[PDB]
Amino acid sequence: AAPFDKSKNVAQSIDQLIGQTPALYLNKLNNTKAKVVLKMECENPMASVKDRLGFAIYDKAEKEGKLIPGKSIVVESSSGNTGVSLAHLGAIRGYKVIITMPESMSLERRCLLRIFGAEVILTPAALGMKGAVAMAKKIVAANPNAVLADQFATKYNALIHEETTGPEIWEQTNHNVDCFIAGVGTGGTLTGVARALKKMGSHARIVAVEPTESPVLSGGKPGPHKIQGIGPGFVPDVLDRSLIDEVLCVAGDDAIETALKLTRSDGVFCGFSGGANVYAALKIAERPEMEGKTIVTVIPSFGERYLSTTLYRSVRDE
């Protein structure tokens, strides 16, 4: 994570290509008088922000002595990108990886993890995500070499974003951020960037996005929602709510609509949470007080992983 000069040097390992991602102004889709900057975490080597979390878990836990290659087994319950990033980096680094998820998950999700050699344990469909969480806990309780990646609570998650994501944004925006907006999954991205910005003296407003259908930060009841990657249904220990100026709820259908408009308007091809974050950014950018101001948000994951999902189902009947 020391600045590594990629367009100009040869990496020794693919994990040196994580982070240091581009930033892009929203153009055609931005009809307001505010500037909207997209931090393109879809451009990480395995196509989402969770590459930063994966690397921070392996790198930091190894350096602390908690992970020992060839011996420690990394376990996590994930039907999304954290599983992918843990399976990718564990393969390279000599760790067995076990990811649990319900048996009703798509072939694409299971297949991507098995390509990197992870053990996928499929738990009964009727038990949902809770059954997969329970299985990962059982494995870690039973086996002294098994450790939970612990994405919603690990101290490594907000830290990596404070050390890398946030300072990158600060350099790219020429030390000028009026608002940082990001959907909260584990909360690492919002927490770590908000810390970095505040230490640099930025008065940026920090805005958390969550699904209208699972408005847990706002004070409402958890529930099922469409916006894959955010809205865990609880407040993760990683998230530092004291840093947040506003929780903005975005409806799953606004996220979906925005994702499809973004591909055609700006050529940005992302998942449901990138459409939620941009829908939120455009809402804030409409506020008259934000004229001539810089709003930065995140495109968390590249769109190709969503072809099989609901997200682009409309394209069929168009």
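In case it trips you up, residue 1 is the first one in the sequence shown, and so on.
- Here 211-219 and 160-168 are compared by their mean Cα B-factor, and 211-219 comes out higher.
- Mean CA temperature factor is higher for 107-115 when stretches 185-193 and 107-115 are set side by side in the entry.
- The PDB entry assigns the greatest CA B-factor among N27, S48, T258, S273 to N27.
- Looking at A280, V37, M40, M290, the one whose CA carries the top B-factor in the deposited record is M290.
- Per the deposited record, the Cα B-factor of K138 falls in the middle third when ranked against the other modelled residues of its chain.
- Annotation for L53: C-alpha temperature factor in the lowest third relative to the rest of the modelled chain, per the entry.
- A91 sits in the highest third of its chain by CA B factor, as recorded in the PDB entry.
- Remark: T154 belongs to the middle third of its chain, ranked by C-alpha B-factor as recorded.
- Annotation for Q12: C-alpha temperature factor in the middle third relative to the rest of the modelled chain, per the entry.
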